[PDB]
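Under the deposited numbering, the residues of the sequence shown are numbered 701 to 878, in order. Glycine is no exception: its CB is placed at the ideal position from the N, C-alpha and C atoms.
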Amino acid sequence: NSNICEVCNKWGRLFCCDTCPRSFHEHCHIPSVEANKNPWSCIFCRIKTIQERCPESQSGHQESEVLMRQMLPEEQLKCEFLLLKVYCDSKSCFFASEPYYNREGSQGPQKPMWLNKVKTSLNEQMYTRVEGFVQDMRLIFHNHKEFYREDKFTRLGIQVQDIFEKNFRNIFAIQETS
Ligand SMILES: [Zn+2]
Ligand SMILES: [Zn+2]
Ligand SMILES: [Zn+2]
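Right, dumping it as structure tokens:
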């Protein structure tokens, strides 16, 4: 197994996957690593299993159909994975905790949003459709772009949004287009 966390790339108290070589800090994995369960499979392995069990799930989909899906156990999982994939990029640190807004010439957003909040929302089953999740994720980056305006710092929002959007198209098998 790996001797660093797959999400944060640091050593420490790590839990190892039994079906692949990845390892996790307890609260880096999403969901948080389960108390018992021997063997234990990580979220990467659980996602691989869904694809394998139903190969047609990898055929192209329309975003509009994906968004309306109810948050049944498999959509719940895929949204947890997608979130995780954002936390895996180090630039996610800028969006993890609750922001504040005091900049000459800007006003804060009407509806602040941050990754840890989306994390808690998923954990508390507050989203009924994939749409709920995807809207709060996109809101993170949109709020950033709007606030930071022409400061080059806006680029961090573009960069982490690109990671989110690529992972979203991959995980939910969105139909490739030009
Ligand atoms: Zn970690
Ligand atoms: Zn695994
Ligand atoms: Zn099938």
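- Given a length threshold of 4 residues, each whole run of the alpha helix (DSSP H) inside the stretch 743-815 is given here in chain order: 743-753, 763-768, 773-787 and 793-796.
- Excluding sequence positions up to five before and after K785, its CB lies within less than 6 Å of the CB of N867, all in the same chain and listed in chain order.
- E831 and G760 do not touch by the CB rule: their CB atoms are close to 19 Å apart, not below 8 Å.
- Judged by DSSP secondary structure, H844 falls within the alpha helix (DSSP H) whose first and last residues are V830 to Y848.
- Looking at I863, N701 and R713, the one whose alpha-carbon comes closest to that of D789 is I863.
- DSSP, read as helix, strand or coil, puts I730 in coil.
- A direct Cα-to-Cα measurement between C705 and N870 gives close to 22 Å.
- In this structure, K811 and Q859 do not form a Cβ contact; the two beta carbons are roughly 22 Å apart against a cut-off of 8 Å.
- By the C-beta criterion, the stretch 802-821 is judged to be in contact with the stretch 838-856, since at least 3 inter-stretch pairs fall below 8 Å.
- Per the C-alpha coordinates, the member of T749, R829 and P809 positioned closest to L839 is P809.
- In this structure, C742 places its C-beta atom within 8 Å of the C-beta atom of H729.
- In the displayed model, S821 falls within a helix according to three-state DSSP.
- Within the DSSP bridge table, the entry for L714 names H725 as partners.
- At a cut-off of 7 Å, the beta-carbon of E756 counts as near ligand 3: some heavy atom of the ligand is closer than that.
- Contact annotation: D718 and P739 have beta-carbon atoms nearer than 8 Å.
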